[PDB]
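Shown next: input.txt, given as compact mmCIF, C-alpha atoms and all ligand atoms.
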# COMPACT_ATOMS: atom_id res chain seq x y z
CA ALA A 7 156.67 3.67 139.06
CA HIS A 8 154.95 1.92 141.93
CA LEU A 9 156.01 4.87 144.08
CA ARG A 10 153.94 7.16 141.82
CA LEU A 11 150.96 5.97 143.89
CA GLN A 12 150.05 7.58 147.17
CA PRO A 13 152.13 6.07 150.00
CA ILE A 14 148.90 4.67 151.44
CA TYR A 15 148.91 2.18 148.55
CA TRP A 16 152.53 1.15 149.00
CA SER A 17 153.24 -2.49 149.78
CA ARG A 18 155.95 -3.85 152.06
CA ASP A 19 158.25 -4.26 149.05
CA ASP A 20 157.48 -0.71 147.86
CA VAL A 21 158.54 0.84 151.19
CA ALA A 22 161.78 -1.13 150.90
CA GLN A 23 162.40 0.10 147.35
CA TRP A 24 161.60 3.59 148.60
CA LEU A 25 164.49 3.27 151.08
CA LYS A 26 166.91 2.09 148.39
CA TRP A 27 165.88 4.97 146.12
CA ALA A 28 166.34 7.58 148.85
CA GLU A 29 169.69 6.14 149.91
CA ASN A 30 171.06 6.86 146.42
CA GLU A 31 169.11 10.07 145.71
CA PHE A 32 170.32 11.72 148.94
CA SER A 33 173.63 9.86 149.48
CA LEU A 34 172.47 8.44 152.78
CA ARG A 35 174.10 5.91 155.00
CA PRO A 36 172.60 2.65 153.70
CA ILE A 37 169.80 1.21 155.83
CA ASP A 38 168.77 -2.44 155.89
CA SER A 39 165.79 -3.07 153.63
CA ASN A 40 163.88 -4.46 156.65
CA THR A 41 164.28 -1.25 158.67
CA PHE A 42 160.54 -0.61 158.07
CA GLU A 43 158.95 -4.10 157.93
CA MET A 44 155.51 -2.70 157.10
CA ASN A 45 153.45 -1.36 154.22
CA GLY A 46 152.72 2.28 153.47
CA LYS A 47 149.50 2.33 155.50
CA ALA A 48 151.50 1.42 158.61
CA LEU A 49 154.26 3.80 157.53
CA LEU A 50 151.79 6.69 157.62
CA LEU A 51 151.04 5.88 161.30
CA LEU A 52 154.59 6.26 162.65
CA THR A 53 155.88 9.45 164.27
CA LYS A 54 159.05 11.25 163.30
CA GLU A 55 160.57 9.97 166.54
CA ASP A 56 159.90 6.40 165.42
CA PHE A 57 161.83 7.29 162.27
CA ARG A 58 164.75 8.54 164.34
CA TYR A 59 164.75 5.39 166.48
CA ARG A 60 164.50 2.99 163.53
CA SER A 61 167.26 4.82 161.62
CA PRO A 62 169.40 7.16 163.72
CA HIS A 63 171.46 8.18 160.68
CA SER A 64 168.65 9.13 158.31
CA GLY A 65 165.26 8.61 159.93
CA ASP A 66 164.45 12.30 160.26
CA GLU A 67 165.46 12.88 156.64
CA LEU A 68 163.19 10.05 155.49
CA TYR A 69 160.23 11.37 157.48
CA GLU A 70 160.44 14.83 155.93
CA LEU A 71 160.91 13.10 152.59
CA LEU A 72 157.70 11.15 153.10
CA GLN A 73 156.01 14.43 154.02
CA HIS A 74 157.20 16.20 150.87
CA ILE A 75 155.82 13.21 148.95
CA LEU A 76 152.40 13.48 150.60
CA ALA A 77 152.30 17.27 150.11
CA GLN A 78 152.85 16.97 146.33
CA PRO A 79 151.74 13.60 144.92
CA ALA A 80 153.53 12.67 141.72
CA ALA A 81 151.72 13.14 138.41
CA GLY A 300 150.67 9.93 136.70
CA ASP A 301 151.76 8.48 133.37
CA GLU A 302 148.80 8.93 131.05
CA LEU A 303 149.38 5.70 129.11
CA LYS A 304 149.50 3.59 132.27
CA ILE A 305 146.28 5.25 133.43
CA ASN A 306 144.51 4.69 130.12
CA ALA A 307 145.47 1.01 130.30
CA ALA A 308 144.43 0.74 133.95
CA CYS A 309 141.08 2.37 133.16
CA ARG A 310 140.55 0.10 130.15
CA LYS A 311 141.38 -3.01 132.24
CA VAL A 312 138.94 -2.08 135.00
CA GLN A 313 136.27 -1.20 132.44
CA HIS A 314 136.46 -4.64 130.84
CA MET A 315 136.56 -6.51 134.17
CA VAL A 316 133.55 -4.70 135.59
CA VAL A 317 131.24 -4.65 132.55
CA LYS A 318 132.02 -8.29 131.75
CA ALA A 319 131.03 -9.32 135.27
CA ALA A 320 127.78 -7.28 135.26
CA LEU A 321 126.61 -8.84 131.98
CA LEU A 322 127.34 -12.32 133.39
CA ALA A 323 125.64 -11.60 136.72
CA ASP A 324 122.37 -10.07 135.48
CA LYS A 325 122.20 -11.24 131.84
CA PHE A 326 121.07 -7.90 130.42
CA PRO A 327 119.54 -8.19 126.94
CA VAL A 328 120.65 -4.71 125.73
CA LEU A 329 123.62 -2.48 126.59
CA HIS A 330 123.23 1.30 126.07
CA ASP A 331 126.76 2.73 125.95
CA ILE A 332 126.38 6.48 126.62
CA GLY A 333 129.42 8.66 126.00
CA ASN A 334 131.21 6.32 123.57
CA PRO A 335 132.26 8.29 120.47
CA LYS A 336 134.28 5.46 118.92
CA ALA A 337 131.70 2.61 118.94
CA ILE A 338 134.17 0.29 120.67
CA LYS A 339 132.77 -2.53 122.81
CA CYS A 340 134.64 -3.10 126.01
CA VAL A 341 133.31 -6.71 126.05
CA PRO A 342 133.11 -7.81 122.38
CA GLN A 343 132.60 -11.48 123.30
CA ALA A 344 129.37 -10.89 125.26
CA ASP A 345 125.93 -12.06 124.10
CA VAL A 346 124.12 -8.71 124.29
CA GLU A 347 122.80 -6.12 121.84
CA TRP A 348 125.31 -3.23 122.02
CA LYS A 349 124.06 0.29 121.23
CA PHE A 350 126.24 3.45 121.18
CA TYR A 351 125.42 7.10 121.95
CA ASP A 352 127.46 10.30 122.12
CA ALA A 353 126.90 14.05 121.99
CA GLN A 354 129.84 14.43 119.57
CA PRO A 355 130.52 11.18 117.71
CA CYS A 356 133.77 10.66 115.84
CA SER A 357 132.86 11.41 112.25
CA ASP A 358 134.53 8.11 111.23
CA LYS A 359 132.21 6.17 113.56
CA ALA A 360 129.05 8.32 113.51
CA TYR A 361 127.28 5.98 111.06
CA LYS A 362 126.67 3.54 113.95
CA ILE A 363 126.33 6.00 116.87
CA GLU A 364 123.21 7.88 117.94
CA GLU A 365 124.05 11.58 118.37
CA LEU A 366 122.52 12.31 121.75
CA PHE A 367 123.25 14.48 124.78
CA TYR A 368 122.10 12.55 127.86
CA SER A 369 120.22 14.47 130.52
CA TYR A 370 118.33 12.65 133.25
CA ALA A 371 115.71 15.39 133.07
CA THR A 372 115.04 14.51 129.42
CA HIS A 373 115.78 10.75 129.17
CA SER A 374 114.85 9.27 132.56
CA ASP A 375 112.03 7.40 130.78
CA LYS A 376 114.24 5.96 128.03
CA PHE A 377 116.81 3.14 127.97
CA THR A 378 114.81 1.24 130.56
CA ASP A 379 115.70 -2.20 129.14
CA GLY A 380 119.08 -3.81 129.77
CA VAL A 381 121.81 -1.66 131.30
CA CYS A 382 123.38 1.75 130.65
CA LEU A 383 127.15 2.29 130.68
CA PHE A 384 128.61 5.72 131.59
CA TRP A 385 132.37 5.18 131.58
CA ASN A 386 133.63 8.69 132.36
CA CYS A 387 130.59 10.39 130.84
CA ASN A 388 129.72 12.97 133.50
CA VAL A 389 125.98 13.66 133.25
CA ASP A 390 123.63 15.47 135.63
CA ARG A 391 122.26 12.28 137.21
CA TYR A 392 122.70 8.61 136.35
CA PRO A 393 119.66 6.37 135.83
CA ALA A 394 119.04 3.39 138.08
CA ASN A 395 120.23 0.73 135.60
CA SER A 396 123.76 2.06 135.23
CA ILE A 397 127.43 1.14 135.38
CA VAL A 398 129.51 4.28 136.02
CA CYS A 399 133.11 5.46 136.18
CA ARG A 400 133.57 9.07 137.29
CA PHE A 401 136.69 11.23 137.48
CA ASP A 402 137.07 13.73 140.33
CA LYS A 433 127.21 13.31 145.26
CA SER A 434 123.73 14.22 144.03
CA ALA A 435 124.40 12.57 140.66
CA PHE A 436 124.74 9.11 142.29
CA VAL A 437 121.52 8.80 144.30
CA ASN A 438 120.17 6.05 142.06
CA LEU A 439 123.39 4.03 142.44
CA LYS A 440 125.72 2.45 144.99
CA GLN A 441 129.49 2.44 145.19
CA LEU A 442 131.14 -0.49 143.47
CA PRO A 443 133.37 -2.33 145.96
CA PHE A 444 136.53 -4.01 144.81
CA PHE A 445 136.39 -7.50 143.32
CA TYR A 446 138.24 -9.55 140.74
CA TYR A 447 136.36 -12.06 138.58
CA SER A 448 137.89 -14.55 136.18
CA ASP A 449 136.59 -17.53 134.23
CA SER A 450 139.85 -18.36 132.47
CA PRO A 451 141.15 -21.89 133.14
CA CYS A 452 143.21 -22.50 136.24
CA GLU A 453 146.91 -23.35 136.08
CA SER A 454 149.47 -23.98 138.82
CA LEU A 468 146.92 -15.47 148.08
CA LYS A 469 143.96 -15.22 150.47
CA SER A 470 141.06 -12.80 149.89
CA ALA A 471 137.26 -12.97 149.64
CA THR A 472 137.33 -10.69 146.57
CA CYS A 473 139.01 -13.16 144.17
CA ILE A 474 135.97 -14.60 142.41
CA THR A 475 137.54 -17.57 140.59
CA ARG A 476 136.79 -21.31 140.45
CA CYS A 477 140.00 -22.16 142.30
CA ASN A 478 138.98 -19.90 145.18
CA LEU A 479 135.72 -21.75 145.92
CA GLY A 480 137.93 -23.96 148.09
CA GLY A 481 140.28 -21.14 149.11
CA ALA A 482 143.29 -22.48 147.16
CA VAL A 483 143.76 -19.91 144.40
CA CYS A 484 145.96 -21.19 141.59
CA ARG A 485 149.24 -19.43 140.86
CA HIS A 486 147.81 -18.05 137.61
CA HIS A 487 144.74 -16.31 139.02
CA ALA A 488 146.91 -15.17 141.91
CA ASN A 489 149.22 -13.34 139.52
CA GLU A 490 146.21 -12.09 137.54
CA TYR A 491 144.50 -10.89 140.72
CA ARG A 492 147.62 -8.96 141.73
CA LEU A 493 147.94 -7.37 138.30
CA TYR A 494 144.29 -6.35 138.43
CA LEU A 495 144.68 -4.88 141.92
CA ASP A 496 147.65 -2.78 140.80
CA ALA A 497 145.57 -1.43 137.91
CA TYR A 498 142.61 -0.74 140.20
CA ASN A 499 144.79 1.03 142.76
CA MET A 500 146.35 3.17 140.04
CA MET A 501 142.87 4.27 138.94
CA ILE A 502 141.49 4.94 142.42
CA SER A 503 144.69 6.73 143.47
CA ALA A 504 144.23 8.95 140.39
CA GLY A 505 140.78 10.10 141.51
CA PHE A 506 138.31 7.77 139.80
CA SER A 507 135.34 6.17 141.54
CA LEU A 508 133.05 3.34 140.43
CA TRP A 509 129.26 3.22 140.87
CA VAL A 510 126.72 0.51 140.04
CA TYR A 511 123.03 -0.38 140.00
CA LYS A 512 121.93 -1.24 143.51
CA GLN A 513 121.00 -4.87 142.72
CA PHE A 514 124.61 -5.70 141.80
CA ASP A 515 125.51 -8.85 143.72
CA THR A 516 128.90 -10.61 143.57
CA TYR A 517 127.19 -13.84 144.65
CA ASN A 518 125.71 -13.96 141.15
CA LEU A 519 129.30 -14.25 139.94
CA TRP A 520 130.08 -17.10 142.34
CA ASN A 521 127.04 -18.85 140.87
CA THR A 522 128.61 -18.86 137.39
CA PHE A 523 130.94 -21.65 138.59
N1 LIG A 601 125.77 14.47 128.50
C1 LIG A 601 126.43 13.77 127.58
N2 LIG A 601 125.74 12.94 126.76
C2 LIG A 601 126.41 12.24 125.84
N3 LIG A 601 127.71 12.22 125.59
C3 LIG A 601 128.37 13.05 126.42
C4 LIG A 601 127.82 13.83 127.41
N4 LIG A 601 128.81 14.56 128.06
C5 LIG A 601 129.92 14.20 127.46
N5 LIG A 601 129.72 13.30 126.44
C6 LIG A 601 130.74 12.65 125.62
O1 LIG A 601 131.50 11.82 126.47
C7 LIG A 601 132.90 11.89 126.10
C8 LIG A 601 133.65 12.66 127.16
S1 LIG A 601 135.14 11.75 127.64
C9 LIG A 601 135.80 11.22 126.04
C10 LIG A 601 136.58 9.91 126.04
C11 LIG A 601 135.73 8.64 125.95
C12 LIG A 601 134.99 8.29 127.23
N6 LIG A 601 134.63 6.86 127.30
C13 LIG A 601 135.60 5.94 126.71
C14 LIG A 601 136.84 5.69 127.53
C15 LIG A 601 137.48 4.44 127.49
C16 LIG A 601 138.63 4.22 128.22
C17 LIG A 601 139.18 5.24 128.98
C18 LIG A 601 138.57 6.49 129.05
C19 LIG A 601 139.13 7.61 129.86
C20 LIG A 601 139.74 7.36 131.09
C21 LIG A 601 140.26 8.39 131.85
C22 LIG A 601 140.16 9.68 131.39
CL1 LIG A 601 140.82 10.97 132.36
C23 LIG A 601 139.56 9.97 130.18
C24 LIG A 601 139.06 8.93 129.42
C25 LIG A 601 137.41 6.69 128.30
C26 LIG A 601 132.89 12.56 124.73
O2 LIG A 601 132.57 11.60 123.72
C27 LIG A 601 131.75 13.56 124.91
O3 LIG A 601 131.28 14.07 123.68
K K A 602 116.93 4.46 132.22
ZN ZN A 603 142.41 -20.54 139.22

Before anything else, please render the file you have as structure tokens.
Amino acid sequence: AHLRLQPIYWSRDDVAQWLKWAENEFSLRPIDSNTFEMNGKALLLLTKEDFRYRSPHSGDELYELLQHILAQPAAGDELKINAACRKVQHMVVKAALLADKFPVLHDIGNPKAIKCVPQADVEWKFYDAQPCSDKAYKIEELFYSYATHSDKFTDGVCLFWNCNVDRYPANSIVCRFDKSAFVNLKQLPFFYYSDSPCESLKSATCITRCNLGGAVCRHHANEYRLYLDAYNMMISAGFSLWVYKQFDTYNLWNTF
């Protein structure tokens, strides 16, 4: 299932599993798993000749295989994408509320009145153009247009998780499925934030207590890697994340 990502997201282990899969799918002479000691990003840099030299018995086959994979990327499993999207949503909105301590959250495009951070100290308010009739009693029926509402919802923060509107207001958190709509915002770079306790990896994007000293505990390490797999699955599927321009990860480091 890892291979259902674009090869540019493949790890060293993924490339090796790719070999094993192809050896059985195409009945190839078996190649050593370390025939391509590299990740998919490096794999996309090699020439077909490098394939022939690294595997004289099946290198050309594998190259054209990689090319057929790039020419027709595999469709994603909807349940794994829902879960990925839900995981990133909770991560990101939780961090923003902790960084900037917004008093109100305006959730625009949420027909089910479900909080993605139920434990947060904030007033949560829901809006949707077509609310679920079983949740409309606590949802404002509203079609957001920047032209009509740019003067409203100016307190706290607005959340547009896959609610594609004409233009997002400046105090927004946005997920968008595939640039004039995003002028008030900036791209959200990757980060992982956790305040769960440490229990017994190097990267500047693992915002955890154990990484203040650079010695991330085994637990947050595993949780970081799970979160990066979910994030990659979402980005690889065509989502992008946008945020209010004052978003600052150093505010999250200050929570420790
Ligand atoms: N202009 C609008 N103003 C207000 N509401 C407006 C406006 N346009 C549209 N809507 C409403 O948004 C909504 C249009 S997506 C309806 C699903 C809920 C969106 N978020 C909740 C959520 C949570 C987790 C995952 C996902 C998710 C991830 C990937 C993909 Cl592929 C699809 C969904 C979504 C409907 O409720 C529309 O009636
Ligand atoms: K606003
Ligand atoms: Zn830790």

Ligand K 602 (chain A) neighbours within 12 Å using all atoms listed in the file, as a ChimeraX atom specification: /A:328-332,368-384,391-397,438,511

Which protein, DNA or RNA residues have an atom within 10 Å of ligand LIG 601 (chain A), counting all atoms listed in the file, as a tab-separated table (two decimals) with C-alpha atoms, in the coordinates of the input?
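Now in result.tsv:
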chain	number	residue	atom	x	y	z
A	302	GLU	CA	148.80	8.93	131.05
A	303	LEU	CA	149.38	5.70	129.11
A	305	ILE	CA	146.28	5.25	133.43
A	306	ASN	CA	144.51	4.69	130.12
A	307	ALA	CA	145.47	1.01	130.30
A	308	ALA	CA	144.43	0.74	133.95
A	309	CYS	CA	141.08	2.37	133.16
A	310	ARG	CA	140.55	0.10	130.15
A	311	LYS	CA	141.38	-3.01	132.24
A	312	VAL	CA	138.94	-2.08	135.00
A	313	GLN	CA	136.27	-1.20	132.44
A	314	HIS	CA	136.46	-4.64	130.84
A	331	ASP	CA	126.76	2.73	125.95
A	332	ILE	CA	126.38	6.48	126.62
A	333	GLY	CA	129.42	8.66	126.00
A	334	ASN	CA	131.21	6.32	123.57
A	335	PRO	CA	132.26	8.29	120.47
A	336	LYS	CA	134.28	5.46	118.92
A	337	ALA	CA	131.70	2.61	118.94
A	338	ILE	CA	134.17	0.29	120.67
A	339	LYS	CA	132.77	-2.53	122.81
A	340	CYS	CA	134.64	-3.10	126.01
A	350	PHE	CA	126.24	3.45	121.18
A	351	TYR	CA	125.42	7.10	121.95
A	352	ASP	CA	127.46	10.30	122.12
A	353	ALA	CA	126.90	14.05	121.99
A	354	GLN	CA	129.84	14.43	119.57
A	355	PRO	CA	130.52	11.18	117.71
A	356	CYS	CA	133.77	10.66	115.84
A	364	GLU	CA	123.21	7.88	117.94
A	365	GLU	CA	124.05	11.58	118.37
A	366	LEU	CA	122.52	12.31	121.75
A	367	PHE	CA	123.25	14.48	124.78
A	368	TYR	CA	122.10	12.55	127.86
A	369	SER	CA	120.22	14.47	130.52
A	370	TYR	CA	118.33	12.65	133.25
A	383	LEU	CA	127.15	2.29	130.68
A	384	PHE	CA	128.61	5.72	131.59
A	385	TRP	CA	132.37	5.18	131.58
A	386	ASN	CA	133.63	8.69	132.36
A	387	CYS	CA	130.59	10.39	130.84
A	388	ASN	CA	129.72	12.97	133.50
A	389	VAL	CA	125.98	13.66	133.25
A	390	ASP	CA	123.63	15.47	135.63
A	391	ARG	CA	122.26	12.28	137.21
A	399	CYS	CA	133.11	5.46	136.18
A	400	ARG	CA	133.57	9.07	137.29
A	401	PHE	CA	136.69	11.23	137.48
A	402	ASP	CA	137.07	13.73	140.33
A	501	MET	CA	142.87	4.27	138.94
A	504	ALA	CA	144.23	8.95	140.39
A	505	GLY	CA	140.78	10.10	141.51
A	506	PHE	CA	138.31	7.77	139.80

Distance filter 9 Å around ligand ZN 603 (chain A), atoms: all atoms listed in the file, out as a PDB file with C-alpha atoms, keeping the file's coordinate frame:
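The resulting result19.pdb:
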ATOM      1  CA  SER A 448     137.890 -14.550 136.180  1.00  0.00           C
ATOM      2  CA  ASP A 449     136.590 -17.530 134.230  1.00  0.00           C
ATOM      3  CA  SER A 450     139.850 -18.360 132.470  1.00  0.00           C
ATOM      4  CA  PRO A 451     141.150 -21.890 133.140  1.00  0.00           C
ATOM      5  CA  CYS A 452     143.210 -22.500 136.240  1.00  0.00           C
ATOM      6  CA  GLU A 453     146.910 -23.350 136.080  1.00  0.00           C
ATOM      7  CA  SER A 454     149.470 -23.980 138.820  1.00  0.00           C
ATOM      8  CA  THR A 475     137.540 -17.570 140.590  1.00  0.00           C
ATOM      9  CA  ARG A 476     136.790 -21.310 140.450  1.00  0.00           C
ATOM     10  CA  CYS A 477     140.000 -22.160 142.300  1.00  0.00           C
ATOM     11  CA  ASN A 478     138.980 -19.900 145.180  1.00  0.00           C
ATOM     12  CA  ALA A 482     143.290 -22.480 147.160  1.00  0.00           C
ATOM     13  CA  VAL A 483     143.760 -19.910 144.400  1.00  0.00           C
ATOM     14  CA  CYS A 484     145.960 -21.190 141.590  1.00  0.00           C
ATOM     15  CA  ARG A 485     149.240 -19.430 140.860  1.00  0.00           C
ATOM     16  CA  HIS A 486     147.810 -18.050 137.610  1.00  0.00           C
ATOM     17  CA  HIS A 487     144.740 -16.310 139.020  1.00  0.00           C
ATOM     18  CA  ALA A 488     146.910 -15.170 141.910  1.00  0.00           C
TER      19      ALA A 488
END

Nearest-residue call for residue 300 of chain A, choices A:10, A:512, A:54, A:60, using only C-alpha atoms: A:10

Each side padded by 6 Å, which centre and which edge lengths in Å (one decimal) define the axis-aligned box around the listed atoms of segment 349-363 of chain A? Give them as JSON.
{"center_x": 129.3, "center_y": 7.4, "center_z": 116.6, "size_x": 22.5, "size_y": 26.1, "size_z": 23.1}

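Remark: for residue 522 of chain A, the closest of the candidate residues A:324, A:67, A:496, A:31 is A:324 (distances computed over only C-alpha atoms).
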
For residue 51 of chain A, the nearest of the candidates A:32, A:436, A:326, A:69, counting only C-alpha atoms: A:69

Distance in Å - atom CA of residue 345 of chain A versus atom CA of residue 322 of chain A: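 Atom CA of residue 345 of chain A sits 9.4 Å away from atom CA of residue 322 of chain A.
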
Residue nearest residue 28 of chain A among A:446, A:515, A:357, A:72 (counting only C-alpha atoms): A:72

Atom pair atom CA of residue 510 of chain A / atom CA of residue 441 of chain A: separation (Å):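 Spanning atom CA of residue 510 of chain A to atom CA of residue 441 of chain A is a straight-line distance of 6.2 Å.
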
Using only C-alpha atoms: which of A:61, A:503, A:39, A:516 has the shortest distance to residue 80 of chain A: A:503

Assuming the input is short of atoms at segment 339-367 of chain A, produce N, CA and C atoms for that part as a PDB file, in the coordinates of the input.
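Okay, this is what ended up in rebuild.pdb:
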ATOM      1  N   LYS A 339     133.311  -1.727 121.718  1.00  0.00           N
ATOM      2  CA  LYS A 339     132.770  -2.530 122.810  1.00  0.00           C
ATOM      3  C   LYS A 339     133.876  -2.852 123.796  1.00  0.00           C
ATOM      4  N   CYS A 340     133.619  -2.647 125.087  1.00  0.00           N
ATOM      5  CA  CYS A 340     134.640  -3.100 126.010  1.00  0.00           C
ATOM      6  C   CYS A 340     134.522  -4.583 126.349  1.00  0.00           C
ATOM      7  N   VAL A 341     133.467  -5.263 125.895  1.00  0.00           N
ATOM      8  CA  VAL A 341     133.310  -6.710 126.050  1.00  0.00           C
ATOM      9  C   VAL A 341     132.784  -7.270 124.739  1.00  0.00           C
ATOM     10  N   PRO A 342     133.608  -7.343 123.689  1.00  0.00           N
ATOM     11  CA  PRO A 342     133.110  -7.810 122.380  1.00  0.00           C
ATOM     12  C   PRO A 342     132.601  -9.247 122.374  1.00  0.00           C
ATOM     13  N   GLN A 343     132.995 -10.083 123.330  1.00  0.00           N
ATOM     14  CA  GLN A 343     132.600 -11.480 123.300  1.00  0.00           C
ATOM     15  C   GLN A 343     131.253 -11.739 123.969  1.00  0.00           C
ATOM     16  N   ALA A 344     130.602 -10.707 124.511  1.00  0.00           N
ATOM     17  CA  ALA A 344     129.370 -10.890 125.260  1.00  0.00           C
ATOM     18  C   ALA A 344     128.155 -11.043 124.340  1.00  0.00           C
ATOM     19  N   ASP A 345     127.222 -11.890 124.772  1.00  0.00           N
ATOM     20  CA  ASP A 345     125.930 -12.060 124.100  1.00  0.00           C
ATOM     21  C   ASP A 345     124.990 -10.983 124.633  1.00  0.00           C
ATOM     22  N   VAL A 346     124.992  -9.835 123.956  1.00  0.00           N
ATOM     23  CA  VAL A 346     124.120  -8.710 124.290  1.00  0.00           C
ATOM     24  C   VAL A 346     124.066  -7.819 123.058  1.00  0.00           C
ATOM     25  N   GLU A 347     122.934  -7.140 122.877  1.00  0.00           N
ATOM     26  CA  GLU A 347     122.800  -6.120 121.840  1.00  0.00           C
ATOM     27  C   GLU A 347     123.486  -4.842 122.331  1.00  0.00           C
ATOM     28  N   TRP A 348     124.540  -4.413 121.640  1.00  0.00           N
ATOM     29  CA  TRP A 348     125.310  -3.230 122.020  1.00  0.00           C
ATOM     30  C   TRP A 348     124.852  -2.025 121.206  1.00  0.00           C
ATOM     31  N   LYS A 349     124.488  -0.936 121.891  1.00  0.00           N
ATOM     32  CA  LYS A 349     124.060   0.290 121.230  1.00  0.00           C
ATOM     33  C   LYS A 349     124.829   1.492 121.780  1.00  0.00           C
ATOM     34  N   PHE A 350     125.324   2.348 120.878  1.00  0.00           N
ATOM     35  CA  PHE A 350     126.240   3.450 121.180  1.00  0.00           C
ATOM     36  C   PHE A 350     125.569   4.814 121.032  1.00  0.00           C
ATOM     37  N   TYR A 351     125.948   5.745 121.919  1.00  0.00           N
ATOM     38  CA  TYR A 351     125.420   7.100 121.950  1.00  0.00           C
ATOM     39  C   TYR A 351     126.534   8.055 122.333  1.00  0.00           C
ATOM     40  N   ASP A 352     126.502   9.256 121.761  1.00  0.00           N
ATOM     41  CA  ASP A 352     127.460  10.300 122.120  1.00  0.00           C
ATOM     42  C   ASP A 352     126.982  11.659 121.619  1.00  0.00           C
ATOM     43  N   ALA A 353     127.258  12.702 122.405  1.00  0.00           N
ATOM     44  CA  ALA A 353     126.900  14.050 121.990  1.00  0.00           C
ATOM     45  C   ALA A 353     127.713  14.513 120.792  1.00  0.00           C
ATOM     46  N   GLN A 354     128.948  14.026 120.655  1.00  0.00           N
ATOM     47  CA  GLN A 354     129.840  14.430 119.570  1.00  0.00           C
ATOM     48  C   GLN A 354     130.567  13.203 119.037  1.00  0.00           C
ATOM     49  N   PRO A 355     129.911  12.423 118.188  1.00  0.00           N
ATOM     50  CA  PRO A 355     130.520  11.180 117.710  1.00  0.00           C
ATOM     51  C   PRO A 355     131.714  11.487 116.823  1.00  0.00           C
ATOM     52  N   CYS A 356     132.689  10.573 116.821  1.00  0.00           N
ATOM     53  CA  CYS A 356     133.770  10.660 115.840  1.00  0.00           C
ATOM     54  C   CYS A 356     133.180  10.504 114.455  1.00  0.00           C
ATOM     55  N   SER A 357     133.519  11.427 113.552  1.00  0.00           N
ATOM     56  CA  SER A 357     132.860  11.410 112.250  1.00  0.00           C
ATOM     57  C   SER A 357     133.117  10.103 111.508  1.00  0.00           C
ATOM     58  N   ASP A 358     134.218   9.410 111.820  1.00  0.00           N
ATOM     59  CA  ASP A 358     134.530   8.110 111.230  1.00  0.00           C
ATOM     60  C   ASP A 358     133.796   6.956 111.896  1.00  0.00           C
ATOM     61  N   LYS A 359     133.019   7.215 112.946  1.00  0.00           N
ATOM     62  CA  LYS A 359     132.210   6.170 113.560  1.00  0.00           C
ATOM     63  C   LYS A 359     130.775   6.633 113.780  1.00  0.00           C
ATOM     64  N   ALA A 360     130.385   7.798 113.242  1.00  0.00           N
ATOM     65  CA  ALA A 360     129.050   8.320 113.510  1.00  0.00           C
ATOM     66  C   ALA A 360     127.956   7.518 112.814  1.00  0.00           C
ATOM     67  N   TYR A 361     128.294   6.775 111.756  1.00  0.00           N
ATOM     68  CA  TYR A 361     127.280   5.980 111.060  1.00  0.00           C
ATOM     69  C   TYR A 361     126.645   4.919 111.960  1.00  0.00           C
ATOM     70  N   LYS A 362     127.296   4.506 113.044  1.00  0.00           N
ATOM     71  CA  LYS A 362     126.670   3.540 113.950  1.00  0.00           C
ATOM     72  C   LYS A 362     126.628   4.061 115.391  1.00  0.00           C
ATOM     73  N   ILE A 363     126.454   5.371 115.558  1.00  0.00           N
ATOM     74  CA  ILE A 363     126.330   6.000 116.870  1.00  0.00           C
ATOM     75  C   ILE A 363     125.176   6.987 116.820  1.00  0.00           C
ATOM     76  N   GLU A 364     124.280   6.906 117.796  1.00  0.00           N
ATOM     77  CA  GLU A 364     123.210   7.880 117.940  1.00  0.00           C
ATOM     78  C   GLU A 364     123.813   9.149 118.522  1.00  0.00           C
ATOM     79  N   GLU A 365     123.591  10.284 117.862  1.00  0.00           N
ATOM     80  CA  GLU A 365     124.050  11.580 118.370  1.00  0.00           C
ATOM     81  C   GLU A 365     123.047  12.050 119.410  1.00  0.00           C
ATOM     82  N   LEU A 366     123.466  12.093 120.670  1.00  0.00           N
ATOM     83  CA  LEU A 366     122.520  12.310 121.750  1.00  0.00           C
ATOM     84  C   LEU A 366     123.284  12.909 122.924  1.00  0.00           C
ATOM     85  N   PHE A 367     122.717  13.940 123.542  1.00  0.00           N
ATOM     86  CA  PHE A 367     123.250  14.480 124.780  1.00  0.00           C
ATOM     87  C   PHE A 367     122.359  13.990 125.914  1.00  0.00           C
TER      88      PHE A 367
END
